[PDB]
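FYI the Cβ positions are ideal-geometry reconstructions off the backbone, even for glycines, and counts take in every protein chain you see. Each reported figure results from applying straightforward, stated rules to the coordinates on display, with no laboratory input.
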Amino acid sequence: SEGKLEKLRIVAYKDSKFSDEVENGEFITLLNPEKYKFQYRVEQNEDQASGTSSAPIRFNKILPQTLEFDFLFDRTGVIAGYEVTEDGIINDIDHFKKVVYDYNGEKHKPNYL
Amino acid sequence: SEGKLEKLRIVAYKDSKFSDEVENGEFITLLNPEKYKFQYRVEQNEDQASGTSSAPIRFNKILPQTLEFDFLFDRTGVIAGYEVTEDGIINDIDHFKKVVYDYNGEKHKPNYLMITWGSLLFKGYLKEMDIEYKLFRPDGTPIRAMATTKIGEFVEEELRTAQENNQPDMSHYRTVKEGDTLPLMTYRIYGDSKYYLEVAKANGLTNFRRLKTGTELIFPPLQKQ
Amino acid sequence: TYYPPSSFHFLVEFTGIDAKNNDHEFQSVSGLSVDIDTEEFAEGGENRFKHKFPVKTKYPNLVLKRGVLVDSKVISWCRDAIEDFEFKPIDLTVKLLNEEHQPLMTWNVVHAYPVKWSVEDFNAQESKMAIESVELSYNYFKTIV
Amino acid sequence: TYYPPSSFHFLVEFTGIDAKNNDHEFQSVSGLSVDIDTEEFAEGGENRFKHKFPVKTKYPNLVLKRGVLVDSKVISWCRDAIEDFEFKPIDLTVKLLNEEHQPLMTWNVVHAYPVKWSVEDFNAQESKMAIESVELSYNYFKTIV
């Protein structure tokens, strides 16, 4: 199964331990992103007195991380393996938004991803 | 009617339930926009203490949505299906502004808008507009113009609580399946396993350590103040 | 075909302009073709090719040439657009003919109007015919055969 | 080989389109090639060369020419895509033949569709055949030999 092209997945969860799945809350893409990107930040305290040549910079804290990527949705009919649908991409985007964006009244918040 | 090219429409409304139409308040375009764009924002609280490697993240709010698109007005005479008018685009722009921009003295505000084209259906308010005039007849009558628009999103407050069906405050019922225990079910409903003796007393159970696999139980809410 | 046809026997006809026999005769016709604009996309994990998608169908302008004719109806129509911005699009038929002078195949050119008109340079030292050239913009074409 | 083969005897076949003998005969075929896109990098301290890395495999469009045929099945297929945006990709085989008319070598062209169609200019003063040209986009090819 080395030869299989794997596709990116996103699953929604109910609890902060990630063990209780939202029902019908799994999205699978049809085209993979080209690339993705991470970001890392560390903050220090840099106060010094006047008349001096350097400061011994101090550790403050580590800031939260960030991930970014782009997606493409297309149901025109030139990509091998898929069919043209009567309503195009209407149900693909509506299922994608239900997983990652919509407010959940059971937990009073959007979903864990 | 698959073969029909549908055109974008904008209708003005008087009430926040969108059931009472403004009279002569419907605009239909003659050329469709090329594309349109949406925007979504979620805000979090990210305070943390010094010395730590991660912050405790808490959901705060969902911010209002945004739609943007561009229009073209042209009465030169090369587009099939339409006629050249004596006054050009003067009445097209004046009717478009009366629907989306002008102040209404009956309601002391501008109009509520519904925007429909194909699969799209959007309710809200105008925020921004720019109109640029491009071609003219020799006597100064304009025949071409371009418009850029930004629309905000409106939800009435009675409909917000019905869409956020917010539910330890309400009542619940389940049916017992084989493999269920009373302290595990109490944890998934309340968030704590310690309420199992109050659930058993409210259902009249004496032998709660063995549940029979057809029983329907109630789960009462926790008391307030 | 078994023996394909030649390209030197054809007719150009206009709809919406008064007909004259001298406006149906041309030296050369060009521009009867089409293409599709596309876009590219690279999918992560797929290293054998990039994906390509269609966007729009595109047509070139239609170009007609002939010797100079002074009383042409087609040119009067071109002048109204060129000089006064009065535009009134027409339809056109291009016919490729057989030995009985009947069509082998035709092209239906839809909603055309003038964008260019010119006459080639004069030269006192050369023996040449004065040649006129007209170029038209149109929306699309269909074929009948 | 000891004596390499010539290039004037070949066959083009289509899969997914009704067959006719007149759609398998062509004047010329081109576009059977491939290339690899690369990127460059300069490493500090290494002054003899820059490094080069592969990124993607790239293929050109396939181009076919012949004399004009009026009842072609291939052209009807091209028109559905051109006029209505109905796309239904096909596979194709290019065969280079020996003296017994059997393949020396073949090319397997995968998932092709039409992007272009044209006919060359008419000229009342020249003796020429009307020539038709068709261009197809595809994903990749493989060879058998």
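Restricting the search to the range D:125-145, which residues are more than 7 Å from chain C (Cβ to nearest Cβ) and surrounded by 16 or more Cβ atoms within 10 Å (Cβ to Cβ)? Correct list: D:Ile131, D:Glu132, D:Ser133, D:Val134, D:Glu135, D:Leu136, D:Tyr138, D:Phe141.
Kindly indicate whether C:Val55 is out of contact with any strand residue (DSSP E or B) (no Cβ under 8 Å at 6 or more places or on another chain) and of a type in the set (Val, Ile, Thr). For C:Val55, the condition - out of contact with any strand residue (DSSP E or B) (no Cβ under 8 Å at 6 or more places or on another chain) and of a type in the set (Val, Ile, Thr) - is not met. Residue count for the range B:137-164 satisfying the condition of being β-branched (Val, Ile, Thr) and within 25 Å of B:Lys37 (Cα to Cα): 4.
Of a type in the set (S, T, N, Q) and crowded, with 16+ Cβ neighbours inside 10 Å: is that true of C:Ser6 in this structure? Here the answer is no, as C:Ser6 does not meet what is asked.
Annotation: of all residues in the range B:103-131 being of a type in the set (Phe, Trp, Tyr) and in a strand (DSSP E or B), the one that is surrounded by the most Cβ atoms within 10 Å (Cβ to Cβ) is B:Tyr112. Just one of the listed residues (A:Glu21, A:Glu6, A:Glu83) is touching a strand residue (DSSP E or B) at 6+ places or on another chain (Cβ under 9 Å) and among the charged types (D, E, K, R), namely A:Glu21. Could you tell me whether the range C:108-124 includes any residue that is out of contact with any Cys (no Cβ under 8 Å at 6 or more places or on another chain), part of a strand (DSSP E or B) and either at positive phi or within 14 Å of chain A (Cβ to nearest Cβ) (or both)? Looking through the range C:108-124, at least one residue is out of contact with any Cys (no Cβ under 8 Å at 6 or more places or on another chain), part of a strand (DSSP E or B) and either at positive phi or within 14 Å of chain A (Cβ to nearest Cβ) (or both).
Against the conditions (1) in contact with a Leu (Cβ under 7 Å, 6 or more places away or on another chain); (2) exposed (fewer than 11 other Cβ atoms within 10 Å of the Cβ), B:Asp139 satisfies every one except (1). Take C:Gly45 and decide whether it is within 10 Å of chain A (Cβ to nearest Cβ) and surrounded by fewer than 17 Cβ atoms within 10 Å (Cβ to Cβ). It is true that C:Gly45 is within 10 Å of chain A (Cβ to nearest Cβ) and surrounded by fewer than 17 Cβ atoms within 10 Å (Cβ to Cβ).
No other residue among C:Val70, C:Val29, C:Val34, C:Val12 is touching a strand residue (DSSP E or B) at 6+ places or on another chain (Cβ under 8 Å), more than 30 Å from D:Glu25 (Cα to Cα) and of a type in the set (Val, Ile, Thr) apart from C:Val12. Within the range B:53-77, the set of residues being part of a loop (DSSP other than H, G, I, E, B), under 30 Å from A:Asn45 (Cβ atoms) and of a type outside the set (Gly, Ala, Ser) comprises B:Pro56, B:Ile57. Whether any residue in the range B:184-192 is under 36 Å from the mean Cα position of the chain (by Cα) and not in a helix (DSSP H, G or I) is what I want to check. Yes, the range B:184-192 has at least one match. For the range B:78-102, residues that are in a loop (DSSP other than H, G, I, E, B) and either surrounded by 16 or more Cβ atoms within 10 Å (Cβ to Cβ) or in contact with a helix residue (DSSP H, G or I) (Cβ under 7 Å, 6 or more places away or on another chain) (or both) total 2.
Please verify whether the range B:22-36 includes one or more residues that are hydrophobic (A, V, I, L, M, F, W, C) and exposed (fewer than 14 other Cβ atoms within 10 Å of the Cβ). For the range B:22-36, residues hydrophobic (A, V, I, L, M, F, W, C) and exposed (fewer than 14 other Cβ atoms within 10 Å of the Cβ): present.
Being of a type outside the set (D, E, K, R), in contact with a helix residue (DSSP H, G or I) (Cβ under 9 Å, 6 or more places away or on another chain) and away from chain D (no Cβ under 12 Å) is the requirement here; does C:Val74 meet it? Yes, satisfied.
For (1) under 30 Å from D:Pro89 (Cα atoms); (2) out of contact with any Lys or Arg (no Cβ under 8 Å at 6 or more places or on another chain); (3) more than 10 Å from every other protein chain (Cβ to nearest Cβ), each residue gets a yes or a no:
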{"site": "A:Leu63", "(1), (2), (3)": "no, no, no"}
{"site": "A:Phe71", "(1), (2), (3)": "yes, yes, yes"}
{"site": "A:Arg75", "(1), (2), (3)": "yes, yes, yes"}
{"site": "A:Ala80", "(1), (2), (3)": "yes, yes, no"}
{"site": "A:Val84", "(1), (2), (3)": "yes, no, no"}
{"site": "A:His95", "(1), (2), (3)": "yes, yes, yes"}
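When C:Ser30, C:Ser76 are checked against the criterion of being surrounded by 14 or more Cβ atoms within 10 Å (Cβ to Cβ), of a type in the set (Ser, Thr, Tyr) and closer than 21 Å to C:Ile131 by Cα, a single residue qualifies: C:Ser30. Of the residues making up the range C:17-38, one or more are assigned to a strand (DSSP E or B), closer than 30 Å to A:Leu5 by Cβ and of a type outside the set (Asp, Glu). Being more than 14 Å from chain A (Cβ to nearest Cβ), of a type in the set (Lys, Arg) and assigned to a loop (DSSP other than H, G, I, E, B) is a property that C:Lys65 lacks. Restricting the range B:6-52 to residues that are β-branched (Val, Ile, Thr) and outside any loop (DSSP other than H, G, I, E, B) leaves a set whose member that is nearest to the other protein chains (Cβ to nearest Cβ) is B:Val42. For beta carbons closer than 7 Å, sequence separation of 6+ or different chains, a first residue in the range A:99-113 that is more than 7 Å from chain B (Cβ to nearest Cβ) and a second that is basic (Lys, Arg), the qualifying pairs are A:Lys107/A:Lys14. For beta carbons closer than 9 Å, sequence separation of 6+ or different chains, a first residue in the range C:47-63 that is within 11 Å of D:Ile82 (Cα to Cα) and a second that is of a type in the set (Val, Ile, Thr) and part of a loop (DSSP other than H, G, I, E, B), the qualifying pairs are C:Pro54/A:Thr76; C:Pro54/A:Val78.
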